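**Student:** First the structure, which I've put down as C-alpha cells, then a few questions once you've had a look.
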Amino acid sequence: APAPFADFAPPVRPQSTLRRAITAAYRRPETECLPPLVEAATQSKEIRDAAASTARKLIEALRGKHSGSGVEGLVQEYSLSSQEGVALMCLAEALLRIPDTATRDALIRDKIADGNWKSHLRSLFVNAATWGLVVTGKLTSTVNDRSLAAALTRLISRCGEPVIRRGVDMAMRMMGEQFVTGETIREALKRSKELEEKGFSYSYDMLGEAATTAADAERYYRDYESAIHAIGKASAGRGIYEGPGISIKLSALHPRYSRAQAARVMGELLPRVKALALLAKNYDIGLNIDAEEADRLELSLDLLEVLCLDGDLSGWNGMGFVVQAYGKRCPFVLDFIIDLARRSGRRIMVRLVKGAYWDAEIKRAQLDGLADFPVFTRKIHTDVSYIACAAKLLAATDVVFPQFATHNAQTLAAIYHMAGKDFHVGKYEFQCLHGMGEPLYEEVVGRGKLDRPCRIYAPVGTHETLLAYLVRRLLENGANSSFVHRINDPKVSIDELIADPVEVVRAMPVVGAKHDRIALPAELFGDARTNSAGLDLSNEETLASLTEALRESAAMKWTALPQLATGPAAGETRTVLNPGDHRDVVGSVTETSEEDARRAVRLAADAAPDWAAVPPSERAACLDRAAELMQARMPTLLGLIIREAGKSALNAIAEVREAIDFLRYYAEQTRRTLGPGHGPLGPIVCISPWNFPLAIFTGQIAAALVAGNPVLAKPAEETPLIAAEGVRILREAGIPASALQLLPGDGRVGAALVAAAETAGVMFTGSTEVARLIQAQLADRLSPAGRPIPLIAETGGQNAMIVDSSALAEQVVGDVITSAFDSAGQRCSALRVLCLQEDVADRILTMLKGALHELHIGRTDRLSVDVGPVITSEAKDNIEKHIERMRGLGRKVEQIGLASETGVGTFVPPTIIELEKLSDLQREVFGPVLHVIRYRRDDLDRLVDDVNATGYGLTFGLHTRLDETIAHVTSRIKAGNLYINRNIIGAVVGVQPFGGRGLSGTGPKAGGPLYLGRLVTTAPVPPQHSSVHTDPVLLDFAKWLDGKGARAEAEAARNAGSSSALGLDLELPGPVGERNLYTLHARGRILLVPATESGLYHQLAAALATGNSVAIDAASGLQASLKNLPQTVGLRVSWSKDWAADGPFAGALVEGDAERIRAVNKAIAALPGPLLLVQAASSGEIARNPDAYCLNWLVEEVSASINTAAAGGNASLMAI
Ligand SMILES: Cc1cc2c(cc1C)N([C@H]1CCCS1)c1c([nH]c(=O)[nH]c1=O)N2C[C@H](O)[C@H](O)[C@H](O)COP(=O)(O)OP(=O)(O)OC[C@H]1O[C@@H](n2cnc3c(N)ncnc32)[C@H](O)[C@@H]1O
Ligand SMILES: NC(=O)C1=CN([C@@H]2O[C@H](COP(=O)(O)OP(=O)(O)OC[C@H]3O[C@@H](n4cnc5c(N)ncnc54)[C@H](O)[C@@H]3O)[C@@H](O)[C@H]2O)C=CC1
C-alpha cells in the first residue's frame, strides 16, 4: 500500500534558481511587474526621437499604398448589406467544397442563380462567424442563420449569377492565397519563392493544434515530419537563418499535454519532438516550438531543456522557442533560456511575440478563482514588456538569435533603433504573419529600406483546417487596441500611433495599474460578496506546498461522532475507508442511535427560540466566518475529500470553493432580505449525499441556519468525516452547538430524524426514491400552523447534450469527456445521453472513443489521475450490471482497460454505450457511463420530446453555432440548468443557480435567490425578484370574475397578476466570456384542490398569474362556478376525477381545514412521478392573507449559461 500522497505531483526536475524565479512571477501583481520593465525599456531622447521618425515614415508608407479590401469592393459594387456579404461568402465557401470546377459552374448557372440555393448545398452558415469578421470586423459568437438565409435569398434574387461568381472568386483568393500561404506544404513552398527573392524568409505552420486522441496526435506528427522533409528539401543547404523553417505546437503532438500528465509528456511527447528535431537537424532548418496557454509555459521549458541538453541534437542551432511578452514571466523565462543557451552551447532561436490567448487567459483565471492573471490586462503593458524583453535579447545576440515578431510599426522602430547600427544576417531578425505583415515589412527588408530581414510565418492547410486560426488572427487584428486596426482607423492619427508606450506608462499616476474594467477573480461579484479562491495546479510552488499539506491531512486521526446539543454521544464505531483503496483507512465514525436522533430533534426544538433570536446579520456573520475558515483550511479539506470521497484534487478544490461560495452567498442573501417578520420554520433535517460530501452538506445546512432554524445534519453514511469537519468549522465560526447537531449514520438515522414530531422542514439531496419515501412520511404531518412540512429535494437527472453538425468536434469531445466522466460520473449534473446529428456522429464518436482511452483511472492521491473510484462496491455492482445488460442486448460498449492496482478499490472504467433510442435508457445510472444516440436533423424537435419524456429536468447541454437551433431547443427543452457550447457540470453559486424540475426535484434552486425563502414561514421578497409582465390569461380571468360579480376575487386576481414574477429575465454577474441568465417561467399544470368557490377563484388566479395551466379536482363539486369562461382561460383549465391519470403536475394548491389538508397531501404524495410542491391554506386564510398561496413557488427557475467565447474569441473583451 503506497503511502498517501507520496507521489502526488513530483516535478519533472528539481527547480533551479532560474526556474523558481519564473514560477514566482506567475501571477505577480501588475503594479509590481511594470517598474522593472519600464526601466529596461527606457532609451535615450535621441533614440526615442529617431524611433518616432522611423515609425512615422513606416505608417505614412502603410497608409499611402493601396488599401480597399477585395471584400469591401465586392460589397460596394453590388450594394450588399453586411449580412448579404457574409451570406455570399458562406455560399462561396460551400461552392468551393465542390472539387470539379465545371460541376460547380453548372450548379451556379443552372440551380443556384436560378432560385432555391437551399435545395442543393450541414448549414451553409456554419462558419459565418468567421466571414462576419472578414466582412464587418466584428465577432459574433453564434450565427443568425435565419437572417443569413434571408439575405442570401435576397441577394441572389436581386443580382443573380454575377454576384455569385464574384463571391466565389473572392473567397478562392482569400482561402487559398490570403489566409494560408498554401493548402499543402508543397504549394506553400512554391508560392514562397517570390518573397524569398526579395529578402524574406519563411516559417511554416501546419495548422494543427490540440490533439484529443492518440490517432490525431499521430496524424499531426506525420504532418510535421512530412513538412520537415519538404522544407528541408527546398531549403537545400541555405541554413537556419536564410532558409525556411518549421513551427510546431506541442499540444498537437500529444492528446494529454499538461502539467497534470507531466510523466506522460516527458515519456511520450518528448521522444516525438526529438525525432522531428533530429530531422530538422539533418536538413539544417529551424524548428520553432510555438507558445500556447499560460499553464503550458513552464512544462514546455522542461522539454526545451532536455532537447537542448540531448547530445544527439548537437551541432544544430535551429531549435527555436516562443516567449509571450504579454506574460508576467517573460523576462524570467528569457533569463532561463539565455542561460540554457550558454550551458548547452546552442544558439537558441527566441521568437518574441506579444501573445495570442489574451481573452482566454482572462476568462480562465476568473473561472479558477486564482490570485491574479498570468498576463497583463492593459495592452500598453504588453508593449512595454515586449520592448523591455527585446533589450534583454539584444544584449545576448552572441548566445541566442532574437526574432522580433510584430506588426506594430512603433514596436518595430523602437527595436530597430535599439539594435543600433551594426547588423549582419544571423544577428537577429523580425517576423510577421503571411498576408498581414508584408505591407509593413516591404518597408523594412532590403538595402533600399531598413535592410533588416523578416521571416514570414506561413500557415499551411486546407480550407476546412484554416477556419480556426482564422478567427484568432482576424479577431486579434480587429481588436480596438490592435495596431493593425488602429492604422486602418481614420480617426487615429500618426501621432497617436507613434506614441511611446514606455513614456505613457511611466507618466501614469499608478504605474502598472490593472485595467479598470477587468475584475480580479476575487472581485467577480463586486460589493455583493468575495469570490472563493482556488489553487493553481500548474504552479510548482502550489504543488509543493499542497503535497506537504495533503500528506499531513492523511496523518490525521479524522473522526465523526454524534454531536448533540449536550455533547458527543456514544454509539457503534467503524472505520471509514478510501474508496480507491480499502487498505487506506481514512478515519473512524461513531454512528447515531435511533434514540439519540430523536433526542437531537427535541433539543433542536428546545434551542430554536434562542437561535431564531440571533439577528439575521449575526447569523450571516457566522456563515462568513465559516467561509473564511474553509478558505484558510482548503489544503487540509482537499486531502480529506480526496481520500474519503475518492475525488481528484481538481474536483476537491472546486468542491471546497463551492462550500465557501454557499456560505458567503446565503450570508449576503440574508443581509439583503431577512427581517423580524420572516420567522423560522423550526428544526430542519438536512440529509446530504456522498458525492459532494462537503459542498451540498454545507449548502443545505448554512441556508437553514442563516434562515434562523436549528439544524440536524445527517451526512451520507459513506462520507461522515468531512461532514464532521464542516460542523466543527461552523461551530468554530459561532454556530451554537444546540443550533447545529451532527448525526452520522445510515438511512435509518435519516428516517428517525424525518419522522421526529418536532421536525419542521427537510432538505434532501440524493436519490428520487428516497426523496419519495421522505415525502410520503411527511405527507402524514402538519406544522403547528396546520401547514405541510416543507421538503426541498434535489434528486438528479437523465441529462442530455444535443450536438449538431455546426459544432466544433474537438470542443464537443472535451466537453463530453468532462461532463460524463469527471468525478466518475457521480455528479447529479453528469452527461448521461449524448445526441449526435447523424452526419457528424461517426467522426465525433471516433474522437470520443479515442479521448476515452487517454483517461487515467486510479487512486486519487496523484495529480495524474483523471477519474477516481466509485463510492462503494454496491455502486460498482449496480453500474456494472447496467453495462452488461446493455452489452447483452447487443449495444456497442467501449471501455478503457483498468490497471491491476484498481483491484484494491471500487472502480468502474469510463464507458461509452451506443443506443438505438433514448427509450433504451430507463433509469439514472450514477456512474461513468455515457450513452450515445444519433438523430436526423429534421427529427430535432422529436428528440427534444424524447429528452423531456424521461421525466427528469436537471442539466441540459446544446452545442451549435446556429441561432435558430438555439432558440428552438432552449424554448422546447424542460430543464433547470441549460448550457450552450460548454460542459454541463460544476454550476457556480449565484451564477448558475442549480436545481431542476420533474423527477429532478422540487426547487427552489440551491445557490439561488428563492432558496432562503422556503426555510421561513413568511417568504421575503428576494433581490431583483419582480416582473413588469402580466399573464394575459390571468387578465382575461380577472375580467371574467368582474363579469360574474366576483369583484373581490377579480381585484385579488389583478393583484396576483402584478405580484407574479413570471417573466423575470436577468443576467447574473460572472466571468468574462460567458453570459449567465436567470429567468422565471410557468411550472406547468398545477393541481388545484379547492373547497369553496372563492377558494377556487383565488387558487386559479394564483396559478394563471404565474403562467400555469390547472387541473381542478372534480370531487370539489365546483364545476358550476366556472360557467362560460373565455376560451383563453378555458384552454388552461381541465377537470380531473383521477389525478394520477391527468399528471404529471408541477405543483398543487389545496384548500381545507387541517384534516382535509392532510388527506389531500397524502393523496398527492401517492401520485406517480415528480414530487409536487404543495401549498395549503384554510378558507379563512385565503380570505385574510393575499399571500395565502405564495407565488414564489408557482414559477419555475431556469438558469442558462452560454459560452460566448465559443467561436474563438471574446468580442466584448476585445473592445477593452
Ligand atoms: C508575427 C507573429 C505573431 C505570432 C507568432 C509568430 C509570428 C511570426 N506565433 C504564432 C504561432 C501560433 C500562433 S501565431 C505566436 C503568437 N502568439 C502566441 O501566443 N504564441 C505563438 O507561438 N503570435 C501572435 C502574437 O503573439 C500577437 O498576438 C500578434 O502578432 C499581435 O501583436 P502585434 O503585431 O505586436 O500587435 P499589437 O502591437 O497590436 O499588439 C496586439 C497584442 O497586444 C496584446 N494585448 C491586447 N490587449 C491587451 C490587454 N488588454 N492587456 C495586455 N495585453 C493586451 C495581445 O497580446 C495582442 O495580441
Ligand atoms: N441528486 C444527487 O446529486 C444524488 C443522487 N444520488 C442517487 O442515489 C443513488 C445513491 O445511492 P444512495 O447513495 O443510497 O442515495 P440515497 O439517496 O439512499 O442517500 C441519500 C441520503 O439519504 C439518506 N437516506 C437513505 N434512505 C433514507 C430514508 N429511508 N429516510 C431518510 N434518509 C435516508 C442516506 O443516508 C443519505 O444521507 C445514486 O446511484 C444516484 O442515483 C445519490 C447521491 C447524490
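Ordered as shown in the C-alpha cells, chains take letters A, B, and onward, while each chain numbers its residues from 1 and ligands are numbered from 1 in the order shown.
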To test your reading of the structure, identify every residue in range 816-851 of chain A that backbone DSSP assigns to helix (DSSP H, G or I), and report it as a PyMOL selection string.
**Tutor:** chain A and resi 816-825+838-851
**Student:** Write out, as a PDB file, in the first residue's frame, the residues just selected, with C-alpha atoms.
**Tutor:**
```pdb
ATOM      1  CA  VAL A 816     -18.413  15.422 -23.365  1.00  0.00           C
ATOM      2  CA  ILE A 817     -15.431  13.691 -21.711  1.00  0.00           C
ATOM      3  CA  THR A 818     -15.555  16.152 -18.829  1.00  0.00           C
ATOM      4  CA  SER A 819     -19.347  16.130 -18.397  1.00  0.00           C
ATOM      5  CA  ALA A 820     -19.769  12.352 -18.465  1.00  0.00           C
ATOM      6  CA  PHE A 821     -16.706  11.096 -16.623  1.00  0.00           C
ATOM      7  CA  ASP A 822     -15.497  13.845 -14.273  1.00  0.00           C
ATOM      8  CA  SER A 823     -15.949  12.516 -10.719  1.00  0.00           C
ATOM      9  CA  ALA A 824     -16.601   9.058 -12.207  1.00  0.00           C
ATOM     10  CA  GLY A 825     -19.914  10.418 -13.474  1.00  0.00           C
ATOM     11  CA  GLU A 838     -26.244  11.773 -37.881  1.00  0.00           C
ATOM     12  CA  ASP A 839     -23.951  13.500 -40.401  1.00  0.00           C
ATOM     13  CA  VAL A 840     -21.240  14.114 -37.763  1.00  0.00           C
ATOM     14  CA  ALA A 841     -21.939  11.171 -35.433  1.00  0.00           C
ATOM     15  CA  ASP A 842     -19.221   8.813 -36.738  1.00  0.00           C
ATOM     16  CA  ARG A 843     -16.415  11.371 -36.650  1.00  0.00           C
ATOM     17  CA  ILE A 844     -17.358  12.610 -33.182  1.00  0.00           C
ATOM     18  CA  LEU A 845     -17.867   9.073 -31.852  1.00  0.00           C
ATOM     19  CA  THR A 846     -14.436   8.089 -33.167  1.00  0.00           C
ATOM     20  CA  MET A 847     -12.764  11.021 -31.414  1.00  0.00           C
ATOM     21  CA  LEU A 848     -14.803  10.404 -28.261  1.00  0.00           C
ATOM     22  CA  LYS A 849     -13.648   6.785 -28.007  1.00  0.00           C
ATOM     23  CA  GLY A 850     -10.079   7.876 -28.698  1.00  0.00           C
ATOM     24  CA  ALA A 851     -10.303  10.515 -25.963  1.00  0.00           C
TER      25      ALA A 851
END
```
**Student:** For residue 1080 in chain A, find every residue with an atom within 7 Å (counting only C-alpha atoms), except residues of its own chain fewer than 2 positions away, and show them as an mmCIF file with N, CA, C and O atoms, in the first residue's frame.
**Tutor:**
```
data_model
loop_
_atom_site.group_PDB
_atom_site.id
_atom_site.type_symbol
_atom_site.label_atom_id
_atom_site.label_comp_id
_atom_site.auth_asym_id
_atom_site.auth_seq_id
_atom_site.Cartn_x
_atom_site.Cartn_y
_atom_site.Cartn_z
ATOM 1 N N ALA A 1061 -43.812 37.130 -10.410
ATOM 2 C CA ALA A 1061 -42.532 37.444 -11.028
ATOM 3 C C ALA A 1061 -42.334 36.697 -12.332
ATOM 4 O O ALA A 1061 -41.215 36.680 -12.869
ATOM 5 N N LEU A 1062 -43.384 36.044 -12.826
ATOM 6 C CA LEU A 1062 -43.323 35.379 -14.119
ATOM 7 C C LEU A 1062 -42.787 36.334 -15.171
ATOM 8 O O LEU A 1062 -43.276 37.460 -15.306
ATOM 9 N N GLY A 1063 -41.777 35.882 -15.917
ATOM 10 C CA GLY A 1063 -41.160 36.720 -16.920
ATOM 11 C C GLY A 1063 -39.926 37.467 -16.470
ATOM 12 O O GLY A 1063 -39.322 38.167 -17.291
ATOM 13 N N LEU A 1064 -39.533 37.354 -15.199
ATOM 14 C CA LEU A 1064 -38.245 37.888 -14.769
ATOM 15 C C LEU A 1064 -37.150 37.352 -15.691
ATOM 16 O O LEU A 1064 -37.161 36.180 -16.076
ATOM 17 N N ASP A 1065 -36.209 38.221 -16.058
ATOM 18 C CA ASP A 1065 -35.237 37.879 -17.100
ATOM 19 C C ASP A 1065 -33.948 38.639 -16.794
ATOM 20 O O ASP A 1065 -33.794 39.792 -17.195
ATOM 21 N N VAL A 1195 -43.783 29.554 -9.909
ATOM 22 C CA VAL A 1195 -42.968 29.737 -11.106
ATOM 23 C C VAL A 1195 -41.810 28.749 -11.061
ATOM 24 O O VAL A 1195 -41.523 28.135 -10.035
ATOM 25 N N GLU A 1196 -41.132 28.605 -12.200
ATOM 26 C CA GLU A 1196 -40.018 27.681 -12.342
ATOM 27 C C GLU A 1196 -38.769 28.474 -12.675
ATOM 28 O O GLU A 1196 -38.789 29.309 -13.583
ATOM 29 N N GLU A 1197 -37.691 28.228 -11.933
ATOM 30 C CA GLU A 1197 -36.445 28.925 -12.193
ATOM 31 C C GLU A 1197 -35.680 28.202 -13.285
ATOM 32 O O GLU A 1197 -35.608 26.967 -13.310
ATOM 33 N N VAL A 1198 -35.099 28.976 -14.184
ATOM 34 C CA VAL A 1198 -34.260 28.416 -15.228
ATOM 35 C C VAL A 1198 -32.959 29.198 -15.272
ATOM 36 O O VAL A 1198 -32.963 30.434 -15.274
#
```
**Student:** Which protein, DNA or RNA residues have an atom within 6 Å of ligand 1, counting only C-alpha atoms and all ligand atoms, as a PyMOL selection string?
**Tutor:** chain A and resi 290-292+322+324+326+353-358+376-379+381-382+405-408+431-433+457+476+482-483+1216
**Student:** Keeping only N, CA, C and O atoms, write those residues as a compact mmCIF listing (two decimals), in the first residue's frame.
**Tutor:**
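Result file part_19.txt:
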```txt
# COMPACT_ATOMS: atom_id res chain seq x y z
N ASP A 290 6.10 26.68 -30.75
CA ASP A 290 5.13 27.76 -30.52
C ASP A 290 4.74 27.78 -29.05
O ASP A 290 4.75 26.75 -28.38
N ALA A 291 4.35 28.96 -28.56
CA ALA A 291 3.88 29.09 -27.18
C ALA A 291 2.35 29.07 -27.15
O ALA A 291 1.71 29.65 -28.03
N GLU A 292 1.78 28.40 -26.14
CA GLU A 292 0.33 28.26 -26.05
C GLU A 292 -0.20 28.85 -24.75
O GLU A 292 0.19 29.97 -24.39
N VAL A 322 9.23 30.08 -28.56
CA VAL A 322 8.45 31.31 -28.47
C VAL A 322 8.32 31.70 -27.00
O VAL A 322 8.06 30.84 -26.15
N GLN A 324 6.09 34.81 -24.79
CA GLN A 324 4.99 35.76 -24.99
C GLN A 324 5.17 36.96 -24.06
O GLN A 324 5.08 36.83 -22.84
N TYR A 326 3.18 39.36 -23.43
CA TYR A 326 2.07 39.71 -22.56
C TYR A 326 2.08 38.91 -21.26
O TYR A 326 1.19 39.10 -20.43
N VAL A 353 6.98 37.20 -29.07
CA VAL A 353 5.66 37.60 -29.54
C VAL A 353 4.96 38.32 -28.39
O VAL A 353 5.43 38.31 -27.26
N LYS A 354 3.82 38.93 -28.69
CA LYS A 354 3.06 39.51 -27.59
C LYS A 354 2.19 38.45 -26.93
O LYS A 354 2.33 38.19 -25.74
N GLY A 355 1.32 37.79 -27.70
CA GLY A 355 0.59 36.65 -27.18
C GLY A 355 -0.80 36.52 -27.78
O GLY A 355 -1.49 37.52 -27.97
N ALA A 356 -1.21 35.30 -28.07
CA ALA A 356 -2.40 35.04 -28.88
C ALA A 356 -3.61 34.61 -28.07
O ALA A 356 -4.67 34.38 -28.67
N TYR A 357 -3.50 34.46 -26.75
CA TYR A 357 -4.56 33.83 -25.97
C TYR A 357 -5.14 34.77 -24.92
O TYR A 357 -5.67 34.30 -23.91
N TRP A 358 -5.04 36.09 -25.13
CA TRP A 358 -5.31 37.03 -24.05
C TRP A 358 -6.72 36.85 -23.49
O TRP A 358 -6.89 36.68 -22.28
N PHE A 376 -0.68 40.51 -18.68
CA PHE A 376 -1.09 41.87 -18.37
C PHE A 376 -2.54 42.08 -18.80
O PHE A 376 -3.11 41.28 -19.55
N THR A 377 -3.15 43.14 -18.26
CA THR A 377 -4.54 43.49 -18.56
C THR A 377 -4.69 44.82 -19.29
O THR A 377 -5.79 45.11 -19.76
N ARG A 378 -3.64 45.62 -19.38
CA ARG A 378 -3.62 46.78 -20.26
C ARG A 378 -2.69 46.49 -21.43
O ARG A 378 -1.56 46.06 -21.22
N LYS A 379 -3.19 46.71 -22.65
CA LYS A 379 -2.39 46.43 -23.85
C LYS A 379 -1.05 47.14 -23.81
O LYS A 379 -0.03 46.60 -24.26
N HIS A 381 0.83 47.68 -21.36
CA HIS A 381 1.80 46.96 -20.53
C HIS A 381 2.52 45.89 -21.34
O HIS A 381 3.75 45.72 -21.22
N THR A 382 1.79 45.18 -22.19
CA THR A 382 2.42 44.20 -23.07
C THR A 382 3.46 44.86 -23.98
O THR A 382 4.52 44.28 -24.24
N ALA A 405 8.79 39.23 -33.59
CA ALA A 405 7.57 39.00 -34.34
C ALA A 405 6.58 40.09 -33.95
O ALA A 405 6.13 40.14 -32.80
N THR A 406 6.27 40.99 -34.89
CA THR A 406 5.32 42.05 -34.58
C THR A 406 4.89 42.77 -35.85
O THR A 406 5.68 42.91 -36.80
N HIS A 407 3.64 43.22 -35.86
CA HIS A 407 3.11 44.05 -36.92
C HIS A 407 2.99 45.51 -36.51
O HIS A 407 2.46 46.31 -37.27
N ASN A 408 3.48 45.86 -35.33
CA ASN A 408 3.33 47.19 -34.77
C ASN A 408 4.52 48.04 -35.19
O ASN A 408 5.65 47.80 -34.75
N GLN A 431 9.87 39.24 -37.64
CA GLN A 431 8.93 38.26 -38.15
C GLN A 431 7.55 38.88 -38.27
O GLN A 431 7.22 39.84 -37.57
N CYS A 432 6.73 38.29 -39.15
CA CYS A 432 5.38 38.77 -39.42
C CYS A 432 4.55 37.58 -39.89
O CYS A 432 5.08 36.50 -40.15
N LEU A 433 3.25 37.80 -40.00
CA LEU A 433 2.31 36.76 -40.42
C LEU A 433 2.00 36.92 -41.90
O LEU A 433 1.81 38.05 -42.39
N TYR A 457 5.68 33.97 -41.14
CA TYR A 457 5.03 32.80 -40.55
C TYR A 457 3.89 32.40 -41.48
O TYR A 457 2.90 33.14 -41.63
N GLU A 476 -7.75 39.22 -33.28
CA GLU A 476 -6.61 39.97 -32.76
C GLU A 476 -6.32 41.18 -33.63
O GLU A 476 -6.00 42.25 -33.12
N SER A 482 -5.68 46.86 -31.19
CA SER A 482 -4.68 46.25 -32.06
C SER A 482 -4.13 47.25 -33.06
O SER A 482 -4.89 48.00 -33.69
N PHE A 483 -2.80 47.24 -33.24
CA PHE A 483 -2.15 48.21 -34.10
C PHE A 483 -2.75 48.21 -35.50
O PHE A 483 -2.98 49.28 -36.09
N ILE A 1216 -11.75 46.23 -25.15
CA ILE A 1216 -11.24 46.65 -23.84
C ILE A 1216 -9.71 46.74 -23.89
O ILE A 1216 -9.04 45.88 -24.46
```
**Student:** Name the closest residue to ligand 2 among the candidates A:771, A:1177, A:1021, A:801; distances are taken between atoms, counting only C-alpha atoms and all ligand atoms.
**Tutor:** A:771
**Student:** Report the distance between CA of residue 632 in chain A and CA of residue 539 in chain A in Å, rounded to one decimal place.
**Tutor:** 18.5 Å
**Student:** CA of residue 388 in chain A to CA of residue 38 in chain A: how many Å, to one decimal?
**Tutor:**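 So the two atoms, CA of residue 388 in chain A and CA of residue 38 in chain A, lie 6.9 Å apart.
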**Student:** Could you report the residues within 7 Å of ligand 2, using only C-alpha atoms and all ligand atoms, as a count of residues only?
**Tutor:** 34
**Student:** Rank nothing, just name the residue among A:815, A:1031, A:32, A:516 nearest to residue 1082 in chain A, using only C-alpha atoms.
**Tutor:**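 When distances to residue 1082 in chain A are compared using only C-alpha atoms, the smallest one comes from A:1031.
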**Student:** Using only C-alpha atoms, which protein or nucleic acid residues come within 8 Å of residue 537 in chain A? Drop anything in the same chain fewer than 6 positions from it, and give the result as an MDAnalysis selection string.
**Tutor:** chainID A and resid 259:260 543 650
**Student:** Find, counting only C-alpha atoms, the residue in A:95, A:189, A:80, A:262 that gets nearest to residue 163 in chain A.
**Tutor:** A:80
**Student:** Can you pull out the residues contacting residue 390 in chain A? Cut-off 10 Å, using only C-alpha atoms, and skip same-chain residues under 2 positions away; I want them as a PyMOL selection string.
**Tutor:** chain A and resi 40-41+325+331+334+352+384-388+392-396+402-404+411+414-415+418-419
**Student:** Keeping only N, CA, C and O atoms, take the residues you just selected and write them out as a compact mmCIF listing (two decimals), in the first residue's frame.
**Tutor:**
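And here's again_33.txt as it stands now:
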```txt
# COMPACT_ATOMS: atom_id res chain seq x y z
N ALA A 40 13.95 48.75 -17.99
CA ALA A 40 14.69 48.01 -19.00
C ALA A 40 14.40 48.53 -20.40
O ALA A 40 15.27 48.46 -21.28
N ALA A 41 13.19 49.05 -20.64
CA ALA A 41 12.76 49.50 -21.95
C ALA A 41 13.11 50.96 -22.24
O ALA A 41 12.89 51.43 -23.36
N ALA A 325 5.38 38.15 -24.65
CA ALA A 325 5.61 39.35 -23.85
C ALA A 325 4.38 39.78 -23.05
O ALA A 325 4.52 40.52 -22.07
N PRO A 331 10.32 38.01 -18.88
CA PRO A 331 11.75 38.30 -18.69
C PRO A 331 12.48 37.21 -17.93
O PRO A 331 13.64 36.94 -18.23
N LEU A 334 13.15 34.38 -20.32
CA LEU A 334 14.28 34.71 -21.18
C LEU A 334 15.61 34.49 -20.46
O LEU A 334 16.56 33.98 -21.06
N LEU A 352 10.13 36.32 -29.97
CA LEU A 352 9.41 37.16 -29.02
C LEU A 352 8.10 37.61 -29.65
O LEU A 352 8.11 38.33 -30.65
N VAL A 384 5.27 47.59 -23.37
CA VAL A 384 6.46 47.88 -22.58
C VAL A 384 7.22 46.59 -22.32
O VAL A 384 8.45 46.52 -22.51
N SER A 385 6.51 45.54 -21.89
CA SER A 385 7.14 44.25 -21.65
C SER A 385 7.90 43.77 -22.88
O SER A 385 9.05 43.31 -22.77
N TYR A 386 7.28 43.89 -24.06
CA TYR A 386 7.94 43.47 -25.29
C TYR A 386 9.24 44.23 -25.51
O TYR A 386 10.28 43.63 -25.81
N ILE A 387 9.20 45.55 -25.35
CA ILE A 387 10.38 46.36 -25.60
C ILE A 387 11.44 46.10 -24.54
O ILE A 387 12.63 45.98 -24.85
N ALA A 388 11.03 45.97 -23.28
CA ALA A 388 11.96 45.59 -22.22
C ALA A 388 12.62 44.25 -22.51
O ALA A 388 13.82 44.07 -22.30
N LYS A 392 16.72 42.87 -23.40
CA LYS A 392 17.42 41.74 -22.83
C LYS A 392 17.95 40.83 -23.92
O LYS A 392 19.10 40.38 -23.86
N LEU A 393 17.13 40.56 -24.94
CA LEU A 393 17.56 39.69 -26.03
C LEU A 393 18.70 40.32 -26.84
O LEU A 393 19.66 39.62 -27.22
N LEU A 394 18.61 41.62 -27.12
CA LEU A 394 19.65 42.27 -27.91
C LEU A 394 20.98 42.32 -27.19
O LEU A 394 22.02 42.42 -27.85
N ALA A 395 20.98 42.23 -25.87
CA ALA A 395 22.24 42.14 -25.14
C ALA A 395 22.83 40.74 -25.15
O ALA A 395 23.90 40.53 -24.58
N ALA A 396 22.16 39.76 -25.78
CA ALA A 396 22.62 38.38 -25.73
C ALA A 396 22.65 37.75 -27.12
O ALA A 396 22.48 36.53 -27.24
N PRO A 402 17.59 36.45 -31.56
CA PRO A 402 16.28 37.06 -31.30
C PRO A 402 15.47 37.21 -32.58
O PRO A 402 16.00 37.57 -33.64
N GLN A 403 14.18 36.93 -32.48
CA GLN A 403 13.26 37.05 -33.61
C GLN A 403 12.09 37.89 -33.14
O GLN A 403 11.28 37.42 -32.34
N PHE A 404 12.01 39.13 -33.62
CA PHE A 404 11.00 40.07 -33.12
C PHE A 404 9.78 40.00 -34.03
O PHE A 404 9.73 40.61 -35.11
N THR A 411 6.58 49.46 -32.26
CA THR A 411 7.41 48.43 -31.66
C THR A 411 8.62 48.13 -32.54
O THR A 411 9.76 48.05 -32.06
N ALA A 414 11.22 51.06 -32.46
CA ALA A 414 11.95 51.14 -31.20
C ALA A 414 13.06 50.10 -31.14
O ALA A 414 14.18 50.39 -30.69
N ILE A 415 12.78 48.88 -31.63
CA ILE A 415 13.78 47.81 -31.59
C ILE A 415 14.84 48.04 -32.65
O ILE A 415 16.04 47.86 -32.40
N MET A 418 16.98 50.46 -31.20
CA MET A 418 17.63 49.85 -30.04
C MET A 418 18.77 48.95 -30.47
O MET A 418 19.83 48.94 -29.84
N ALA A 419 18.58 48.19 -31.56
CA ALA A 419 19.61 47.28 -32.03
C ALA A 419 20.86 48.01 -32.52
O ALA A 419 21.92 47.39 -32.62
```
**Student:** Name the residues of range 575-771 of chain A that fall into strand (DSSP E or B) according to DSSP on the backbone, using the chain letters and numbers of this document, as JSON, numbers by chain.
**Tutor:** {"A": [575, 576, 577, 578, 581, 582, 583, 584, 585, 586, 587, 588, 589, 590, 680, 684, 685, 686, 687, 711, 712, 713, 714, 740, 741, 742, 761, 762, 763, 764, 765]}
**Student:** Show which residues sit within 12 Å of residue 545 in chain A, as a ChimeraX atom specification. Count only C-alpha atoms, and ignore same-chain residues fewer than 2 positions away.
**Tutor:** /A:8-10,535-537,539-543,547-552,635-636
**Student:** Could you check which of A:607, A:265, A:640, A:159 is closest to residue 79 in chain A, using only C-alpha atoms?
**Tutor:**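 When distances to residue 79 in chain A are compared using only C-alpha atoms, the smallest one comes from A:159.
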